[PDB]
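Beneath this line is the structure, given in structure tokens, with notes to follow.
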Amino acid sequence: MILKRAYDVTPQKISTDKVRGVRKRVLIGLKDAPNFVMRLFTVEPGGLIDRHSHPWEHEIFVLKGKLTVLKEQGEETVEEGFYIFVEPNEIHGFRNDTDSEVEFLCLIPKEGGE
Amino acid sequence: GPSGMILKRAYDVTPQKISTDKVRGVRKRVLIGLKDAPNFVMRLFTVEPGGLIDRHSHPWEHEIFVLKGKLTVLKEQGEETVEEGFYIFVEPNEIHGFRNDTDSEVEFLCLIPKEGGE
Ligand SMILES: [Zn+2]
Ligand SMILES: [Zn+2]
């Protein structure tokens, strides 16, 4: 059994053509998990995960801040204490329009990798 | 399967009492349940002060994230308390349980493969 403070997992900085101002922690990855993986994302002020889709779902819980969720058309802001279920193949992305860091838990089935 | 995305305040789900031979002082909210989940389910558990999930095991894993409070985790050998911001991975068949030794509610997210129910 693994018990660990999430913050202590080293975050990975992401800065690409589609993702900027984002850090990813893999809390429960493919080494350990037989079916699905647990990640924790931190979105800096102004950070962006641009619209994309994939053949697997997301299950998300917003831990801190106000997260802007991009939809195929339009967007919706939600707060700490919201959960989000993104169906497979649905277009989605994320932005942080606030002045402080936003954090969310994100789980995907193993085929999504970590 | 269906398209779209659900975005919902977890507290809009009513916390339902869990009461079994091996659980007392616990409530649960099913957030992403069997009716919708392709692969795994998301629950939010509330452990009342003094609540207890006795040591047990089952043929599926748990993935847990502690949202609020100090959670005492029961292991096959001894126990360890963790707090908000900790995650826990419980392997299939590993003995585990939980206690809330504090005077306030403890909350944690708990995800299992959907073959284990909701
Ligand atoms: Zn995605
Ligand atoms: Zn269990």
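Side-chain atoms are counted along with the backbone in the values below, which use heavy atoms only and exclude waters and symmetry mates. Order of the sequence lines sets the chain letters (A, B, ...), proteins ahead of strands, with each chain counted from 1.
The shortest heavy-atom contact between B:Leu7 and A:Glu76 is CD1-OE1, 3.6 Å. For the residue pair B:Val41 and A:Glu59, the shortest heavy atom distance occurs at C-OE1, 3.9 Å. Residues B:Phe89 and A:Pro34 share a closest heavy-atom pair of CZ-CD, 4.0 Å. A pairwise comparison of heavy atoms in A:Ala6 and B:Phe65 identifies CB-CE1, 3.9 Å as the closest pair.
Each of A:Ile2 and A:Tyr7 belongs to its own hydrophobic cluster when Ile, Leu, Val, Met, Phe, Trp and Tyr are linked at side-chain heavy-atom distances under 4.5 angstrom. Follow the hydrophobic side-chain contacts under 4.5 Å out from B:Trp60 and you never reach B:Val23; the two are in separate clusters. Two different hydrophobic clusters hold A:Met38 and B:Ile112 under the rule that ILVMFWY side chains link at heavy-atom gaps under 4.5 Å.
For chain B, the nearby parts of A:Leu3 are the backbone and the side chain; heavy atoms of each come within less than 4.5 Å. Of the two parts of B:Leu31, the backbone and the side chain both hold a non-hydrogen atom closer than 4.5 Å to a non-hydrogen atom of chain A. For chain B, the nearby part of A:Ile91 is the backbone; its heavy atoms alone come within less than 4.5 Å. For B:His96, the parts sitting under 4.5 Å from any heavy atom of chain A are the backbone and the side chain alike. Contacts between B:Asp12 and chain A at a heavy-atom distance below 4.5 Å are absent for every atom of the residue. With a 4.5 angstrom heavy-atom cutoff, A:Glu87 touches chain B via backbone and side-chain atoms both.
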As a quick check of understanding, evaluate side-chain contact (heavy atoms from CB on, under 4.5 Å) for B:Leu44 and A:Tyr83, giving each step before the final call. CA-CA 10 Å; B:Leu44 193 163; A:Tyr83 71 94; over 6 Å; no
Kindly indicate, with the supporting measurements, whether the criterion side-chain contact (heavy atoms from CB on, under 4.5 Å) is fulfilled by B:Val73 and A:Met1. CA-CA 10 Å; B:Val73 180; A:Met1 176 188 308; 3.6 Å; yes
Would you check, one step at a time, whether the test side-chain contact (heavy atoms from CB on, under 4.5 Å) holds for B:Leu67 with A:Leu63? CA-CA 8 Å; B:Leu67 296 172; A:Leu63 296 168; 3.6 Å; yes
Kindly indicate, with the supporting measurements, whether the criterion side-chain contact (heavy atoms from CB on, under 4.5 Å) is fulfilled by A:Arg5 and B:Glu83. CA-CA 8 Å; A:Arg5 186 184 298 277; B:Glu83 58 189 41; 3.7 Å; yes
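For the pair B:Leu111 and A:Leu107, the minimum side-chain heavy-atom distance is below 4.5 Å. The closest side-chain heavy-atom distance from A:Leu105 to B:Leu109 is below 4.5 Å.
For B:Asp21, the CG atom sits in a loose shell: 12 or fewer heavy atoms of surrounding residues, nucleotides or ligands are nearer than 6.0 Å. More than 12 non-hydrogen atoms from other residues, nucleotides or ligands lie less than 6.0 angstrom from CD of B:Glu94.
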